[PDB]
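Visitor: Sharing model.cif, mmCIF, C-alpha atoms and all ligand atoms:
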```
data_query
#
loop_
_atom_site.group_PDB
_atom_site.id
_atom_site.type_symbol
_atom_site.label_atom_id
_atom_site.label_comp_id
_atom_site.auth_asym_id
_atom_site.auth_seq_id
_atom_site.Cartn_x
_atom_site.Cartn_y
_atom_site.Cartn_z
ATOM 1 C CA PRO W 9 -6.174 23.333 -1.739
ATOM 2 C CA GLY W 10 -9.081 21.878 -3.760
ATOM 3 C CA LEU W 11 -11.491 18.959 -3.964
ATOM 4 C CA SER W 12 -11.660 16.302 -6.695
ATOM 5 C CA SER W 13 -14.620 16.399 -9.110
ATOM 6 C CA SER W 14 -16.074 13.040 -7.921
ATOM 7 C CA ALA W 15 -15.966 10.567 -4.994
ATOM 8 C CA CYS W 16 -13.877 8.234 -7.183
ATOM 9 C CA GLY W 17 -11.355 11.009 -7.765
ATOM 10 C CA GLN W 18 -11.473 12.102 -4.173
ATOM 11 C CA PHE W 19 -10.895 8.608 -2.944
ATOM 12 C CA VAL W 20 -7.877 8.094 -5.199
ATOM 13 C CA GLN W 21 -6.468 11.535 -4.248
ATOM 14 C CA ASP W 22 -7.146 10.791 -0.597
ATOM 15 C CA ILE W 23 -5.467 7.405 -0.333
ATOM 16 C CA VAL W 24 -2.585 8.360 -2.620
ATOM 17 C CA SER W 25 -1.972 11.416 -0.389
ATOM 18 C CA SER W 26 -2.178 9.609 2.977
ATOM 19 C CA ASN W 27 0.183 6.876 1.918
ATOM 20 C CA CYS W 28 3.697 6.627 0.598
ATOM 21 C CA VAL W 29 3.079 3.435 -1.389
ATOM 22 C CA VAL W 30 -0.309 2.534 -2.806
ATOM 23 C CA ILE W 31 -1.177 -0.428 -4.985
ATOM 24 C CA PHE W 32 -4.557 -0.518 -6.664
ATOM 25 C CA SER W 33 -4.843 -4.222 -7.235
ATOM 26 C CA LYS W 34 -6.895 -7.320 -7.901
ATOM 27 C CA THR W 35 -6.630 -10.398 -5.663
ATOM 28 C CA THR W 36 -6.619 -12.566 -8.788
ATOM 29 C CA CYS W 37 -3.867 -10.579 -10.591
ATOM 30 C CA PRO W 38 -0.305 -12.091 -10.717
ATOM 31 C CA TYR W 39 1.288 -8.756 -11.691
ATOM 32 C CA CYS W 40 -0.157 -7.417 -8.382
ATOM 33 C CA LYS W 41 1.317 -10.351 -6.469
ATOM 34 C CA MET W 42 4.636 -9.553 -8.150
ATOM 35 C CA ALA W 43 4.535 -5.820 -7.220
ATOM 36 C CA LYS W 44 3.416 -6.586 -3.629
ATOM 37 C CA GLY W 45 6.295 -9.049 -3.593
ATOM 38 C CA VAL W 46 8.981 -6.537 -4.417
ATOM 39 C CA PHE W 47 7.603 -4.240 -1.739
ATOM 40 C CA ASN W 48 7.721 -7.003 0.869
ATOM 41 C CA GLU W 49 11.248 -7.632 -0.353
ATOM 42 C CA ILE W 50 12.200 -4.012 0.379
ATOM 43 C CA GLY W 51 10.423 -4.052 3.761
ATOM 44 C CA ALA W 52 8.105 -1.179 2.811
ATOM 45 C CA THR W 53 4.546 -1.401 4.109
ATOM 46 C CA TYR W 54 1.976 -0.205 1.600
ATOM 47 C CA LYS W 55 -1.750 0.365 1.194
ATOM 48 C CA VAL W 56 -3.678 -2.050 -0.980
ATOM 49 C CA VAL W 57 -7.045 -1.408 -2.550
ATOM 50 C CA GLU W 58 -8.427 -4.606 -3.999
ATOM 51 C CA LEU W 59 -10.642 -3.373 -6.840
ATOM 52 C CA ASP W 60 -12.431 -6.690 -7.181
ATOM 53 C CA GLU W 61 -13.521 -6.520 -3.543
ATOM 54 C CA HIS W 62 -14.757 -2.963 -3.939
ATOM 55 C CA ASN W 63 -18.355 -2.288 -4.994
ATOM 56 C CA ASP W 64 -17.024 0.580 -7.070
ATOM 57 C CA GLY W 65 -14.039 -1.316 -8.531
ATOM 58 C CA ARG W 66 -15.023 -0.585 -12.137
ATOM 59 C CA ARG W 67 -15.487 3.166 -11.533
ATOM 60 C CA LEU W 68 -12.138 3.261 -9.740
ATOM 61 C CA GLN W 69 -10.561 1.447 -12.660
ATOM 62 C CA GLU W 70 -12.022 4.165 -14.938
ATOM 63 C CA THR W 71 -10.627 6.942 -12.695
ATOM 64 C CA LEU W 72 -7.196 5.304 -12.647
ATOM 65 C CA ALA W 73 -7.362 5.123 -16.407
ATOM 66 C CA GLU W 74 -8.038 8.897 -16.602
ATOM 67 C CA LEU W 75 -5.238 9.715 -14.113
ATOM 68 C CA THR W 76 -2.518 7.286 -15.215
ATOM 69 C CA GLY W 77 -3.241 6.477 -18.882
ATOM 70 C CA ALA W 78 -3.832 2.722 -18.333
ATOM 71 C CA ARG W 79 -6.679 0.720 -16.760
ATOM 72 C CA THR W 80 -4.621 -2.385 -15.964
ATOM 73 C CA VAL W 81 -3.787 -3.425 -12.428
ATOM 74 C CA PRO W 82 -1.661 -2.995 -10.522
ATOM 75 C CA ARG W 83 -1.531 0.814 -10.579
ATOM 76 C CA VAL W 84 1.387 1.585 -8.260
ATOM 77 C CA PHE W 85 1.827 4.979 -6.601
ATOM 78 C CA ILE W 86 4.885 6.119 -4.635
ATOM 79 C CA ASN W 87 4.722 9.519 -2.933
ATOM 80 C CA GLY W 88 1.618 10.698 -4.807
ATOM 81 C CA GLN W 89 3.131 9.745 -8.180
ATOM 82 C CA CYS W 90 2.082 6.760 -10.296
ATOM 83 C CA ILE W 91 5.116 4.720 -11.275
ATOM 84 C CA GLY W 92 3.079 2.423 -13.540
ATOM 85 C CA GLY W 93 2.349 -1.294 -13.105
ATOM 86 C CA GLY W 94 4.103 -4.466 -11.982
ATOM 87 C CA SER W 95 6.876 -4.603 -14.563
ATOM 88 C CA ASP W 96 7.703 -0.969 -13.766
ATOM 89 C CA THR W 97 7.860 -1.816 -10.057
ATOM 90 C CA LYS W 98 10.022 -4.872 -10.701
ATOM 91 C CA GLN W 99 12.275 -3.116 -13.223
ATOM 92 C CA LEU W 100 12.790 0.017 -11.153
ATOM 93 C CA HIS W 101 13.696 -2.210 -8.244
ATOM 94 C CA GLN W 102 16.211 -4.213 -10.259
ATOM 95 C CA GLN W 103 17.847 -0.909 -11.308
ATOM 96 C CA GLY W 104 17.922 0.204 -7.659
ATOM 97 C CA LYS W 105 15.757 3.180 -8.621
ATOM 98 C CA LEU W 106 12.766 2.293 -6.398
ATOM 99 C CA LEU W 107 14.103 2.584 -2.857
ATOM 100 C CA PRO W 108 15.090 6.201 -3.525
ATOM 101 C CA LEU W 109 11.539 6.997 -4.694
ATOM 102 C CA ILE W 110 10.286 5.531 -1.463
ATOM 103 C CA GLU W 111 12.897 7.513 0.466
ATOM 104 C CA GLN W 112 11.456 10.809 -0.863
ATOM 105 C CA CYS W 113 8.292 10.210 1.160
ATOM 106 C CA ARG W 114 8.034 12.607 4.077
ATOM 107 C CA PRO W 115 9.199 11.025 7.372
ATOM 108 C CA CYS W 116 6.887 9.782 10.134
ATOM 109 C CA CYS W 117 7.503 12.775 12.400
ATOM 110 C CA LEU W 118 6.240 15.245 9.756
HETATM 111 N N1 LIG W 201 2.206 -4.401 -17.964
HETATM 112 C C1 LIG W 201 1.192 -4.458 -16.921
HETATM 113 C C2 LIG W 201 0.292 -5.675 -17.058
HETATM 114 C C3 LIG W 201 -0.682 -5.843 -15.905
HETATM 115 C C4 LIG W 201 -1.890 -6.654 -16.298
HETATM 116 O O1 LIG W 201 -1.951 -7.196 -17.402
HETATM 117 N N2 LIG W 201 -3.032 -6.828 -15.386
HETATM 118 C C5 LIG W 201 -4.184 -7.589 -15.864
HETATM 119 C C6 LIG W 201 -4.661 -8.568 -14.826
HETATM 120 S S1 LIG W 201 -3.279 -9.409 -14.122
HETATM 121 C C7 LIG W 201 -5.296 -6.604 -16.198
HETATM 122 O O2 LIG W 201 -5.157 -5.386 -16.005
HETATM 123 N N3 LIG W 201 -6.555 -7.062 -16.735
HETATM 124 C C8 LIG W 201 -7.555 -6.089 -17.035
HETATM 125 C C9 LIG W 201 -8.375 -5.859 -15.858
HETATM 126 O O3 LIG W 201 -8.110 -6.498 -14.826
HETATM 127 O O4 LIG W 201 -9.320 -5.049 -15.929
HETATM 128 C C10 LIG W 201 1.905 -4.399 -15.613
HETATM 129 O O5 LIG W 201 3.132 -4.686 -15.479
HETATM 130 O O6 LIG W 201 1.249 -4.048 -14.615
#
```
As structure tokens - that is how I would like this structure written.

Guide:
Amino acid sequence: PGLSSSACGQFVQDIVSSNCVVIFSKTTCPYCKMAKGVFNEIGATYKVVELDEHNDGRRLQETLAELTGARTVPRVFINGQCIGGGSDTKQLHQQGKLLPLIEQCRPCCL
């Protein structure tokens, strides 16, 4: 394959590839607590990157803006695809559309 054009990009590619569910988050953001919440509800473990605990948080926020079209947290990724923020997470879940997205993630043995 190919390499991203910066460490920011690489990092986002990397963690979004190694993980079914990724939440780029802030510890102080209620929409992030909401999204994390629905995932705990489902019983899906996920990877969190707290951008306010990261020395490069602002640069990562910029990269997520370029990739996903919004800089707001949370930026939620299922199976390499950004599904949007907290309301999207919540709303997909309420419509029973989320668990299927999660179920498309390759299985442990693969
Ligand atoms: N509609 C968005 C709203 C999320 C949101 O407003 N996050 C706030 C903090 S809770 C934010 O991005 N502030 C700008 C920033 O943190 O840089 C969603 O559901 O995720």

Visitor: Using all atoms listed in the file, I'd like a table of the residues in segment 75-104 of chain W that come within 10 Å of segment 54-69 of chain W; for each, show the closest atom pair and its distance in Å rounded to one decimal, ordered by chain and ascending number, as a tab-separated table.

Guide:
```
residue	atom	partner	partner_atom	distance
W:75	CA	W:69	CA	9.9
W:78	CA	W:69	CA	8.9
W:79	CA	W:69	CA	5.7
W:80	CA	W:69	CA	7.8
W:81	CA	W:69	CA	8.3
W:82	CA	W:58	CA	9.5
W:83	CA	W:69	CA	9.3
W:84	CA	W:56	CA	9.6
W:85	CA	W:54	CA	9.7
W:86	CA	W:54	CA	9.3
```

Visitor: For ligand LIG 201 (chain W), take all atoms listed in the file, fit an axis-aligned box around them, add 4 Å to each of the six sides, then output centre and edge lengths in Å rounded to one decimal, as AutoDock Vina command-line options.

Guide:
```
--center_x -3.1 --center_y -6.7 --center_z -16.0 --size_x 20.5 --size_y 13.4 --size_z 11.8
```

Visitor: Could you jot down the atom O5 of ligand LIG 201 (chain W) to atom CA of residue 91 of chain W separation for me, Å, one decimal place?

Guide: 10.5 Å

Visitor: Find the distance between atom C4 of ligand LIG 201 (chain W) and atom CA of residue 37 of chain W and write it in Å to one decimal.

Guide: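 Between atom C4 of ligand LIG 201 (chain W) and atom CA of residue 37 of chain W the gap is 7.2 Å.
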
Visitor: Kindly resolve the PyMOL selection byres (((chain W and resi 21) around 12) and not hetatm) on the present coordinates and return the residues as a PyMOL selection string.

Guide: chain W and resi 10-20+22-27+30+68+71-72+75+85+87-90

Visitor: Pick from W:100, W:116, W:40, W:110: nearest to ligand LIG 201 (chain W), with only C-alpha atoms and all ligand atoms counted?

Guide: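 Nearest candidate to ligand LIG 201 (chain W) out of W:100, W:116, W:40, W:110: W:40.
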
Visitor: Which residue, W:117, W:50, W:107, W:31, has the smallest gap to ligand LIG 201 (chain W) when you use all atoms listed in the file?

Guide: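 Among W:117, W:50, W:107, W:31, it is W:31 that comes nearest to ligand LIG 201 (chain W).
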
Visitor: What's around residue 39 of chain W at 12 Å? Count all atoms listed in the file, leave out sequence neighbours fewer than 3 positions away in its own chain, and write the answer as a ChimeraX atom specification.

Guide: /W:31-36,42-46,80-84,92-98

Visitor: What separation in Å, quoted to one decimal, exists between atom CA of residue 77 of chain W and atom CA of residue 53 of chain W?

Guide: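 Going from atom CA of residue 77 of chain W over to atom CA of residue 53 of chain W, I get 25.5 Å.
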
Visitor: Which residue, W:76, W:52, W:104, W:38, has the smallest gap to ligand LIG 201 (chain W) when you use only C-alpha atoms and all ligand atoms?

Guide: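 Under the stated criterion, the closest residue is W:38.
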
Visitor: Looking at all atoms listed in the file, which of W:29, W:114, W:49, W:70 is the one that sits closest to residue 102 of chain W?

Guide: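 Of W:29, W:114, W:49, W:70, the one nearest residue 102 of chain W is W:49, counting all atoms listed in the file.
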
Visitor: May I ask you to restore N, CA and C atoms in segment 66-79 of chain W and write the result as a PDB file, in the coordinates of the input?

Guide:
```
ATOM      1  N   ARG W  66     -15.011  -0.973 -10.731  1.00  0.00           N
ATOM      2  CA  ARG W  66     -15.023  -0.585 -12.137  1.00  0.00           C
ATOM      3  C   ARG W  66     -14.878   0.946 -12.308  1.00  0.00           C
ATOM      4  N   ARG W  67     -15.628   1.710 -11.524  1.00  0.00           N
ATOM      5  CA  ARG W  67     -15.487   3.166 -11.533  1.00  0.00           C
ATOM      6  C   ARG W  67     -14.076   3.620 -11.131  1.00  0.00           C
ATOM      7  N   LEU W  68     -13.471   2.905 -10.193  1.00  0.00           N
ATOM      8  CA  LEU W  68     -12.138   3.261  -9.740  1.00  0.00           C
ATOM      9  C   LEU W  68     -11.175   2.959 -10.861  1.00  0.00           C
ATOM     10  N   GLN W  69     -11.369   1.806 -11.503  1.00  0.00           N
ATOM     11  CA  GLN W  69     -10.561   1.447 -12.660  1.00  0.00           C
ATOM     12  C   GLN W  69     -10.655   2.544 -13.733  1.00  0.00           C
ATOM     13  N   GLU W  70     -11.864   3.017 -14.031  1.00  0.00           N
ATOM     14  CA  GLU W  70     -12.022   4.165 -14.938  1.00  0.00           C
ATOM     15  C   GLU W  70     -11.227   5.395 -14.472  1.00  0.00           C
ATOM     16  N   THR W  71     -11.370   5.778 -13.204  1.00  0.00           N
ATOM     17  CA  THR W  71     -10.627   6.942 -12.695  1.00  0.00           C
ATOM     18  C   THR W  71      -9.119   6.757 -12.852  1.00  0.00           C
ATOM     19  N   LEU W  72      -8.624   5.560 -12.544  1.00  0.00           N
ATOM     20  CA  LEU W  72      -7.196   5.304 -12.647  1.00  0.00           C
ATOM     21  C   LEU W  72      -6.771   5.377 -14.091  1.00  0.00           C
ATOM     22  N   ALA W  73      -7.641   4.945 -14.989  1.00  0.00           N
ATOM     23  CA  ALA W  73      -7.362   5.123 -16.407  1.00  0.00           C
ATOM     24  C   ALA W  73      -7.212   6.620 -16.737  1.00  0.00           C
ATOM     25  N   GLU W  74      -8.166   7.453 -16.331  1.00  0.00           N
ATOM     26  CA  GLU W  74      -8.038   8.897 -16.602  1.00  0.00           C
ATOM     27  C   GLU W  74      -6.777   9.523 -15.995  1.00  0.00           C
ATOM     28  N   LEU W  75      -6.466   9.205 -14.738  1.00  0.00           N
ATOM     29  CA  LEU W  75      -5.238   9.715 -14.113  1.00  0.00           C
ATOM     30  C   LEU W  75      -3.941   9.200 -14.725  1.00  0.00           C
ATOM     31  N   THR W  76      -3.810   7.884 -14.877  1.00  0.00           N
ATOM     32  CA  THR W  76      -2.518   7.286 -15.215  1.00  0.00           C
ATOM     33  C   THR W  76      -2.298   6.845 -16.661  1.00  0.00           C
ATOM     34  N   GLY W  77      -3.308   6.978 -17.510  1.00  0.00           N
ATOM     35  CA  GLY W  77      -3.241   6.477 -18.882  1.00  0.00           C
ATOM     36  C   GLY W  77      -3.286   4.969 -19.133  1.00  0.00           C
ATOM     37  N   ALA W  78      -3.648   4.165 -18.133  1.00  0.00           N
ATOM     38  CA  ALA W  78      -3.832   2.722 -18.333  1.00  0.00           C
ATOM     39  C   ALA W  78      -4.847   2.197 -17.334  1.00  0.00           C
ATOM     40  N   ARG W  79      -5.690   1.241 -17.716  1.00  0.00           N
ATOM     41  CA  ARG W  79      -6.679   0.720 -16.760  1.00  0.00           C
ATOM     42  C   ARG W  79      -6.209  -0.537 -16.037  1.00  0.00           C
TER      43      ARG W  79
END
```
